[PDB]
Structure formats: structure tokens, C-alpha cells
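K.L.:
sequence first, structure after; it's an experimental one.
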Amino acid sequence: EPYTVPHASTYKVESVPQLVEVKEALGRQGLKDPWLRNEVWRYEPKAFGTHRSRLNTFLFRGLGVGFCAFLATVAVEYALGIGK
Amino acid sequence: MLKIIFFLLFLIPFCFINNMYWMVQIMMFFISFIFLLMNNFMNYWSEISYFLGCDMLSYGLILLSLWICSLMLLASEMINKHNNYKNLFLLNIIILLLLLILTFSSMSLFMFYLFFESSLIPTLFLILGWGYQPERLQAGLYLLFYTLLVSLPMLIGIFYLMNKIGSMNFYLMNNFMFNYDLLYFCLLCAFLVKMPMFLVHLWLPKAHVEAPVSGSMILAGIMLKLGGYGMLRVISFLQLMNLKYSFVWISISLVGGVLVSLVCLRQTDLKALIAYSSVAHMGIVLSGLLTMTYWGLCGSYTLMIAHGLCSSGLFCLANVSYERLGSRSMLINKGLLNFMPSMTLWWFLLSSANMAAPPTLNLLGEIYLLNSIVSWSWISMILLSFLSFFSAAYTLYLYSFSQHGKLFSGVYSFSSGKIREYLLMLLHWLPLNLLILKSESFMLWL
Amino acid sequence: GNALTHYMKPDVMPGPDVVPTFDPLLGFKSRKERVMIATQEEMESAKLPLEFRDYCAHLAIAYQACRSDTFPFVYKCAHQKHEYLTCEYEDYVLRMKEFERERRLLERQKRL
Amino acid sequence: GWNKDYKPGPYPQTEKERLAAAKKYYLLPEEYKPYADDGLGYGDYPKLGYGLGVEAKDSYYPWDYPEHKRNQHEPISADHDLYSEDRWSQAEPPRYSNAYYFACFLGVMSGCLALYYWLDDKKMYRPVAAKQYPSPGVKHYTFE
Amino acid sequence: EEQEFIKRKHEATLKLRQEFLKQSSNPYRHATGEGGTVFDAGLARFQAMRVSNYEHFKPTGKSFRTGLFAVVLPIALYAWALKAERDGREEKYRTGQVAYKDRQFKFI
Amino acid sequence: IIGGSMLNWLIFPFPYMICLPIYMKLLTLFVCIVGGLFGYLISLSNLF
Amino acid sequence: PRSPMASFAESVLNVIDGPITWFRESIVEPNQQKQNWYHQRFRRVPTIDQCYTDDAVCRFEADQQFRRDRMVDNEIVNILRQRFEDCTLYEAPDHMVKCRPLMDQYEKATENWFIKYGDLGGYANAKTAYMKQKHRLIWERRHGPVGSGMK
Amino acid sequence: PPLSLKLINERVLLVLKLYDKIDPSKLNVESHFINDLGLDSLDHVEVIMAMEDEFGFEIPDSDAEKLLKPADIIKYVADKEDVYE
Amino acid sequence: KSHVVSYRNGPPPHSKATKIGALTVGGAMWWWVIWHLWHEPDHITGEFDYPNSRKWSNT
Amino acid sequence: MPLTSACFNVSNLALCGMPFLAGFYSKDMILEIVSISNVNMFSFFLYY
Amino acid sequence: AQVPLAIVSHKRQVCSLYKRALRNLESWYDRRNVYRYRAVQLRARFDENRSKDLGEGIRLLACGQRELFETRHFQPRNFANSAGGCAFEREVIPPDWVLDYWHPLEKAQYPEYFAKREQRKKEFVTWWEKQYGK
């Protein structure tokens, strides 16, 4: 079998991340949204986290290692004899 | 050169003896190998037999003639399949070969003209005895009568030259110069039809389209070059008169070049593309030649040789399609990269040489000719640019559409590539790469 | 301190790449002369391109020695670069000071 | 048959010939429409296609030869090339008209070009002195 | 919708779809292996018209103006320009105005 | 990652000396940065 | 050998030069026969001026002399070009050092070469060249320096 | 990876169970659009349009009219992707 | 095409070694960036001060 | 892809001229050479 | 198999218009949160005028079509693995008879395939004989 598919009982349009808010900002128009249940697995927690969190994950992927290895190199040039 | 001549005569019997298609073929290549060995010439006439000489200009032309004349037999084997009078075919070819040798070595103008116009017959046999289209009839009418209708009239110019000169060896004319204003047109135009010229291109597409692989290879491979070889020998004494009236010829050639290239784009037949293409290249050759400058002439000699080779190979390609998919059309022929990918390599290469991609003796030509014309008149550049541009343009289209698109649905199973055709394509191209190493023999003749 | 005012006063602003035009006035700066260190013969053999064959070439050939000495790691050859660009920088200070000097010598006579 | 066997007839000049020719080309009696035959015409050859483009034709229709989006017996347009997807043709109507495309390009080019040359007249710079060169007889004065 | 123009074409034009399939799938002439293609009228029509339309050509004002401005005026004008410029340049040359220093293309 | 460094230390025997105004040398950084601001702002859009 | 890699490039230079020069001394010198090949000296010929109106053999002899002389003088232009070529390559600063002092030889060579051979085109034989000089001499004597129009 | 006929079926079923404006319980797999689903003139193509986005290809404009059932949709996807086997 | 093709889910959690490969790839970039930064932070600044035309007294 | 994402970062920053990467070594040196040399308005403004 | 007729009903000229519109929303709005908003806002615009006279329907097309054409994204979301895709139709395969012309040693790599190939071929002949009774 290639993969598996859930039943769609889990796919609740009540997905919290401001899909209800756009439901509200629609509600002022008050028309409907029948397909919105698709976007549940779309914007799901721990799939991709927050966009700012994702940007944190990306724009800073190895800064901690960089600074640590940087400080080690600083110690090397300080004590190895390079001096200043 | 009588060595070659007697060799060919003693090859003639093999046509009668049965099953000598391949024995004849090897012999023609072997004598070509022998004629290769015989090479020491300078600008002066050399190897002066009874009335046969040889020179830079004639030596390479003969080698191409022997070269192409042997490659006929590789090209055409359906004659053997059909048993379509292989004996007459072989006899026709050899007879043609002898005439070419004697045409290119005739040290007299009249001897040259005699063999030149004697070649009218054996070529006509080659188309008519083995043609395919019903147009073969009217095509033969076009070929023969366009030629004779002007090729005969130079006969007067030749005799008039005799009366005023006393002989017709080429060196003897060079000593003199004529400006009677009819001698010029009568000789020039008479050669221009066989060149051919854009305004008298008319016959040439027809002759190529309804002629076999062999005849078409001959037609585009020598006949056009043979016209040019005469020009190179004869314009020596037409200079002053040429200078007065030359702008007309260079204009129509250059103008016709861009036009015929646009005809190629719109054309829809493999032989028609190549036929028009060959007219285009021989347009530029006619231009550099009529410039008469050193660069033009020495380059013209080269481009005639290289153009003949590339035109032949492209005709073998056209034969291949015609012999698999049984129809010359662009529409039917397509996507062959899927059916003969190792062949499409050769399609690309021969196309490459025709658009002047190095290392290519063709390309070596256009540098020489384009330098000549540009020096002769800066105005030319405005059309030289477009002429080469559209030259490559249709060649691109020919290569792509024929080999690239999705296959054709209705196509009945046909055999795949084979050693004869593969070796045929290498043989036409690989020397076209070889020669650049030693262009000096094919580059210097003046 | 810009270039747009040229279009308004194409006279007042001296222009680009302009030679001095009031150097005779020795009551101000420019009383001493240039100084040549690297002889043109050594410079010739130095192969220094003419675009740089100017008064700051002695250090230039000095650097070439540094780089031809320890070429595999040019990064070691740092101080030679540091000095050379400084010697050039001082020339640039003279370039500016020449610009405003001929500006000054221009202004004191402008309205006069 | 051969080409001379298939040579198109002269332009049909009465209604019966129109009926015959439309059948000659398998076209319906109104589908058939010969060229103007005014002096550079093919005569009875039908005048088809010539639309915006071949790829405008149906993308998903069942085609005998998808290559050119062509079914079986059907009169090929006299200008099949010059309208083929491999040649001058598109799939959808253009957004604007010819003058728009050329004008939007070239009008901008002319203006920006001319405005540049105006500004080249005023070529800005850094106010620095002329580059000094050692040479015979040159005596630039040190600020000392 | 013309009242069945699309339909009227539909009936016959969908018949030969099957014959194309019969031809293409034909095991027998595909077995012969001689190459060739199922005949196609549009192709045959197209080749014949492509090779022959002179018998249709009527030499009228249209064709004359078309051809005249197609090559003739191009050929004449370009040739005239070439001759005119060369006449000027050669005139300077035979006058000897430009000596053997300034002139260009000394080597062709 | 090392990038130009290897070349930068081995191509210029005569590194071009550039002592410019601070409002020019640094300007290359901020006229640069405002592009990224716009690139990541104009993309980020609220629904309505 | 101050520089490190240059002190190494020498090492491969010793590597490459080693076997080849060994091969030269090892399987050439003990396997070479001595033979000599000289260089033509074609006798002069009575040029077109000398030969008679219709002396076809003599005229043919003159042209061949003209062609060979053309091929050499044709060349002397090239060699001077190659010579100037070297100088411009001499040193990056060294262009004006010897361009004009060396090029001008090439300049004179071109103009002289043009005058003798130039402007004739292919097929040009001794006759057309020789008479062109005659025409130029007449022009110089009558209308003065070429490059002045006429009077 | 290849595609499994049963999974194609469950997948069209998943979206159909997902689509609100259809009868929520997703009545018999062979539910005709105008009969019990009640899918209007425009609701029908909304079905096709989601199927498109889900299965990574446009359905032809008229050929949607051939698709008159979720069984058809499976049958059309199957003809595309070699699912019979 | 690829041996991992999930359905309506994030990536199948891959090995730490591949995670280590990425983190080090970004880390090497950062290490060198700060490496250069501290070693020659002045370079971003104009390497030389900018003296003033007015401040230059008239000798 | 944290590797491809990270690598695509390195290409961006080299191309974006983030300091002490490829763009910074190259784009920088060009732009102040534009400053040093007298140039045209559009050419100046357009580079930035 | 059946090749459909080309006749079209005003319902289809209006519904496929809705289809193209949904596409034109995509090419101009991407974020699925943004999309479903505007797609359903589009529906109201196709719903407020649900049932009108034929004549008004013709004017409705006279406006509807222009909106698409005048508001078409210059880069429509052309579909990846379908006709017009950015990589669709990447390669082609020739008719099987090419496999029929393998050199016997070339044939000698997959005998089991070629054996079954030979069998299926004869059974196809029977099938084609059936196809219209030959």
C-alpha cells in the first residue's frame, strides 16, 4: 500500500487558526463556505508551526552552533599565541 | 591524367558483367585513392598530356567528382533490389565520370565546352531512367532546354574568341581582354543559368524534386559547380566589361538570397528545402566570384567544393526518409529522432555544415566571400546580415520539425538504420572536416 | 557638498578631474613639491600598469614582493596591503585638498 | 494517385460546381468557400483556418493526428504553416492591439533614452582633484 | 446552432474515424513492412496544390502589383543604390583624392 | 560560503582604495535593506 | 626559490622535462642519419619589359617570377606584422615604448606592398602589374602626388 | 509511487464526505448529482473543480458532463492513470 | 519518484544525521559570517575617515 | 528539506550581499567604484 | 468510445464561465484562506442574478466574458501535469512495431517478454478480425 487516508471525521472546519475569524468576516456577508473543511489538515498545529516560528527555524538554523564555534575560535586566537 | 581516363574506360566493361555493382564501387573509390596520391600542382598548368592538364582549380574539382561519383553506388541500391537495369545505371555513371574528368581537365576552352555540354545526356538518362514522379517528364524538359537555350549560344562566343585570338587554351585568353558587350553577356549569362541564378532557379527545384537520390546528388553536387568552374577560368578576360556591368548580377544574387531563404521557411518538401538552400549558397558564391577580388575568387573555389559535399549528404538524408516513409512531405516526416536517433546525429551534422558551423570547409568559404563583398561595397552588409541570418533560419526549421515533434500516427513498419547509409553519411561529412587541415590546396589556386 | 549645484552654476563648481589653475598663489598651501621614490627603471621591471604607475608605487612594488614571497597564503600579507592603501589614502586627501584649494583660489577672485 | 491526378480544379463558378467541390474536399456545402480567385488564387481549393491560431483549436478533442490537431480526410489549409503552433499562432485572443504592444515598448525607450542624454550633459562626480602622474617637467606641489 | 450543422457534419465525419483505426491497426499491410502511410486526402490535396497553382494564376493588376513590390522594386532600388555609391567612391579613387595612406581594405 | 575571499585575496594586486562619505558607503546597505522589507511585506497580506 | 608553489611548480617542471630530454638523448642520437637539405636560388628572368609583344613562353616565365616575388613580398608584410606583434606583447606597460619605432616599418611595408601589387585582384599577372607602374609614373609626372586630385 | 484503485475510491469518498453542501451523510456511493445530492447547475462544477485540485489535472469542459456520478469520477480517474489493474 | 510520499501529513520524520547535515550547513555559514565580522568589522564602515572641506582651514 | 532550505539560504545571502558572503565581496566593491568614478544620474540611481 | 458533439447550451456557456472565473481567482489570488473568501464572494455574484430572462443572460455573458478577458492574470495558473503544462508531454514513445524490429540478439535479452509478445500479437489479430468482422 502506498499510503493511508483518514475518515475525515477529524477534519473540522472549527480549525482554530483564524479560520473561524474569516468565517466571521464572511459572516458579515453571511454566505457560506462548503469546502473550508479541506483547509483543516492544511493549517494544522505542528505542521509547520507559526510562520514567524518557521522563519525563526529557517533564518536561524545553526546560529547557536555558529556562535559557540565562534567563541571557541576566539579562545584559540586568544591563547594559542596570536594575541593582540 | 590519362592514367585516370584509361582506368575508367577499363572499368566500363564491369557494367556488362553481371553482379559488379560492388566491384565497380570499390574500384571507383580505389582510383579516387590513386588520384589522391597524384598531387604536386602549382598555379601553372601541370600534367600536360595530349590535351589534358590539371591544376589547383581542376585538381580538387576532379577529386570531388570522383569522390561523389563513387558515393552514388553507396547511395542507390534500390536499383539492385528492383533489378531496374543495373547495367545501364552503372554505364551511365561511368560515362558521366569520364565526361567530368575531361571537362575539368580540358585545357582548351572549346574542349572544355564540348565535354561541358556533352554532360547534358548522361544526367538526363539518370533522372529519366530511374525517376519516380510523373513530373519526371516535364522536369527533364526544363533541365535540358533551360541549359541548351543558353549553353548553345556560348558556342558563338567561343568561335568568335578563336577568330580574334587564334586558340582556346586558357593561358592564351588571359593575355587578352575583350569589351564588345555581347561576348560578355553571351558567355556570362550562359553560365549563369547552370550556376544557377535566382531568376533562373526555376528549373532546379523541379529537377531535384522529381529525380532519384543519385541524379539529385549529381545535379546539386557537380553541375552547379561545373558552371562555376568555367566562370573562374573564363572571367580572366571579361574584366573591364564586367566592371561596367556587374552591379546587376551581385544585386539579384544577394536580393534573391534572402528571398529564396524565405521560400525555404515556407517550403514543405525536404528536397525543395535543400534545392532552394543550394541555390542560396550558390548565390553567395556567384557574388564573391563576380567581385573578382582575390579573396572572393579563392573563397569561391572553397565554397563550391564544400557546398557540393553538404548538398549531397542532405540529399542522402532526403532519400532515407523517402525510402522509409514513402513521402517527401514535411508533414508526414517528423519525429524521426525516435526511430533513428543515431541517424538524427547525422541529420544535425549535415545541417550544421550547411549553416556554416566549424570545423567546416563551408564556413571557411563565407569568411572569404563576405570579406570580399564587404570590401567591394559597404552597402552589401545590410543584406549580407539577413542573408546568413535566414540561411541558418530555415536549416534550423528543417532539422527540428523533421526530427523533433511527436511521431506520425499512420506509419507502417519500416526497417531501421543500416551500415550502408551510416557509412554514406560519414563519408560525405568526415572529409568535409578533414580538408580544413590542408585547405591550402583547396584554398589557394589563383 | 554634492554635484547637483553644477547645473545651476556650471561656472562656480570647478568640474571633474580638473587640474589646478591658481597654484602660483603660494601664500597658501602647496609650497613644496612632489617626491619620487621608486625609480621608473625598477617600476618598468615591476610591470606596474601605467594606470597605477604614479607616486604611490614604491609600496606597490613592495607589496608585489610580499605576494610573490608568500603567495600560497596571501592573507598573511596584510600589513603591506594596509600600508599601501594608507599611502594611497593620503594621496586621496591631497586630491580633495587640491580640489578645494583651487576652489578657494577660485572664490577669492570670483567677485573681484 | 499522383500529384497531377490530385491537381485542384479551377474556381467553381456556379452552384453545382460548389456542391461538387465541397464533396471533393469532403466539406459541407456551406463549409466549402473557395478563395477569391482574383489573380493570385488557388481556385477551387477551400479557404479554411486562417484563425488566430491552431493551438486555439480544441486541446482535448479526439484527434487522429494530434501532431497538428487534425482528423482524417480533411482539406489542409493552404497556409497550414504560418498558422501552426510551431509557427505564428497563439491559443487565446491577445489582451491589447498591435499599437499597444509596440507603443508601450518603444515610447518608453525613446523617452528614457533622450532623458539620459540630457542627464549625461550633467555628469555628476566626486569633487576630487585630477589624477597626478610623474613625468618629465611635472612639478605638482606638496601641501607642505 | 444552425439547427444541426454540427450534427450534420457529425454523422459522416465520425465514420472515417473508424476506418482510420482499421487502417492503422491493419495487421496485414503493417506486416508487409514496406513502409508507407495510410492515404490522407488532405495531404494529397495539399501537395498537389502546393506544386501547381500557375494554371490558376491570372496576370491581373493584383498579381502584377504584388510581384512588382515583392522583388522588382527591391531589386531595382537596391541595385541602383549599390551602383550609385560605387560610382561616387570609384570616382574619388580615379581622381586620386585619397592617397595610399588613408584608404582602407588595402588587402581586400 | 567562502566565496570571493579566495579570489579577493589573490586577484587584486592593487586593491582599489575607496574612502567615501559615510552616507554613501553605508547607503549601499539600507537602500539594499528596504527592498527586503518590501519583498517580505508586500507579500505578507491580510485577507480583506 | 622564494615562493612555495613556484618552488613546487619547478618540481613538476623537472618531472615533465625529465623523460622527454632523456628520450631525446637515448633513442634519437644513436638512431639518426645525417643528411642535408638546401634552399632554392631561382635565376632572374627577362621581365615583361624585356620580353616581346608575343613571346608566350617568355611572358609565362615572367609571370611565374612575379608570382613568387608576390608570395615573398606578400609575406614580408606578415613577418613585419609578427615582429610588431611580439613588441606589443613585450610588456604590459610597453606599448608606446616601441610601437611607432617598430610598427612604422610595417606601415611603410603595407603601402609599398599595396603600390606594387595592390589593386589588381586575382588573375593578375606581370603585365597588368608592370603597366600599372607605368601609369602611376605618368600620373606622378603630370598631375603630381597622388592624393591631390588633378589641376 | 503507483496509485491503488481502492485508494482512489476512498480518496474521492474522503473529499465527498468533506464537501458540506452535499447531503452530509454521503448517501449511496452512486449518488447522482441532480437526484439525491440535489447538486444544482453550478454545484456540479464545484464538485468537478475540487476533484481537479485533489487529483492534479483538469477534467475536460464537456467531459465533466460525462461525469454524472462519483462512480464516473473514479471511472474517469481510472481511465487516466491505468487503475483497472 | 521518491521513496517517501506521505498523504496530507508533514514530512515523514527523517534521521538525525540528515537533520545534522542541514543544521551544520547553516551553522558553517554563520560561523564564518561572525568569523569575518569580528576579524574585520571595520570593512563595512569606510576603511578611512572622511575629512571635511570646510573644516580645512585656509592654512 | 532543512538541507535544501538552508542551501537555498546560502544562495540567497550570497546573492543578497549579506555581509562577508559572495555578494558582499563583489556587489559592494562595484557600487563604491561607481561612487569613485564620475558617472551618470540614471546609472547611479539605477544600480542602487 | 464516443466523440462528443460541439453543441453547447447557455447553461454550459454560463457554468464553464463560472469555471474559468474560479481559475481566474486562483491566478490572481493564491492564499487558500484568501481564496475561499473571494471564491464564495464570486458565487454571490453568480447567485444574485441566478435566474434571468434569456436576453439578460446574453448581456450577462456580454459582461461576464469581458471581466474574464480584461481581468485575466498575465500568468494564469497553467496546470502542471496536463496539456499546456510547464513540463507536460516531456517524452513520447513509438508504436510497438519498433520493438518488432529488434535484432535477433537484441531480441535475445527478454525471451519471456517476446514470447508473450508473440502470443498477444496473434490474439490481437483475432481481436481485429472481430473488430468489424475483417
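P.N.:
That came through, no problem. Numbering: from 1, shown residues only, chains lettered A, B, ... in the order given.
K.L.:
now the residue in chain J positioned nearest to chain G: which helix or strand?
P.N.:
Nearest residue of chain J to chain G: residue J:33, at 21.1 Å (C-beta to the nearest C-beta). Where you see a C-beta, it was placed from the backbone N, CA and C, and this is true even at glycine. Following DSSP states H and E, one finds residue J:33 within helix J:22-36.
K.L.:
packing partners for that helix?
P.N.:
On a contact count with 3 or more C-beta pairs under 8 Å, 6 or more residues apart in numbering or on different chains; DSSP states H and E, helix J:22-36 meets helix F:5-8, helix F:22-25, helix F:27-41, helix J:2-16, helix J:41-47.
K.L.:
can you give me the angle it makes with helix J:2-16?
P.N.:
In terms of direction (axes from the mean of the first three to the mean of the last three C-alpha atoms, to 10 degrees), helix J:22-36 departs from helix J:2-16 by 10 degrees.
K.L.:
chain center to helix J:22-36: distance?
P.N.:
Taking C-alpha atoms, centre = their mean, to the nearest Å, one finds the center of helix J:22-36 at 7 Å from the center of the full chain.
K.L.:
residue B:323 contacts residue B:78, doesn't it?
P.N.:
Yes: under the criterion of C-beta atoms under 8 Å, residue B:323 makes contact with residue B:78 at 6.9 Å.
K.L.:
excluding chain neighbours, what is closest to residue B:229?
P.N.:
Closest residue to residue B:229 apart from its sequence neighbours, by C-beta to C-beta, 6 or more residues apart in numbering or on different chains: residue B:61 at 5.6 Å.
K.L.:
any idea how far the one you found is from residue E:80?
P.N.:
36 Å (C-beta to C-beta, to the nearest Å).
K.L.:
of these two, which one has the most company?
P.N.:
Set side by side, residue B:61 and residue E:80 show more neighbours around residue B:61, with 28 against 12, by other C-beta atoms under 10 Å in any protein chain shown.
K.L.:
and that one, that one's in a helix?
P.N.:
Yes: counting by DSSP: H, G, I helix; E, B strand; the rest coil, residue B:61 falls inside a helix.
K.L.:
quick check: it vs chain E, distance?
P.N.:
Distance, residue B:61 to chain E, by C-beta to the nearest C-beta, to the nearest Å: 24 Å.
K.L.:
compute the distance between that residue and chain C, please.
P.N.:
Note on residue B:61: its distance to chain C, by C-beta to the nearest C-beta, is 54 Å.
K.L.:
find the closest residue to chain C in chain K.
P.N.:
Nearest to chain C in chain K, going by C-beta to the nearest C-beta, is residue K:74, at a distance of 38.6 Å.
K.L.:
can you pull the contacts of that residue?
P.N.:
By C-beta atoms under 8 Å, 6 or more residues apart in numbering or on different chains, the residues touching residue K:74 are residue D:95.
K.L.:
before we move on, back to that, helix, strand, or coil at the residue nearest to the residue of chain J closest to chain G when sequence neighbours are not counted?
P.N.:
In space, and not counting its chain neighbours, residue J:33 is closest to residue F:16: 6.1 Å by C-beta to C-beta, 6+ apart. Following three-state DSSP, the label given to residue F:16 is coil.
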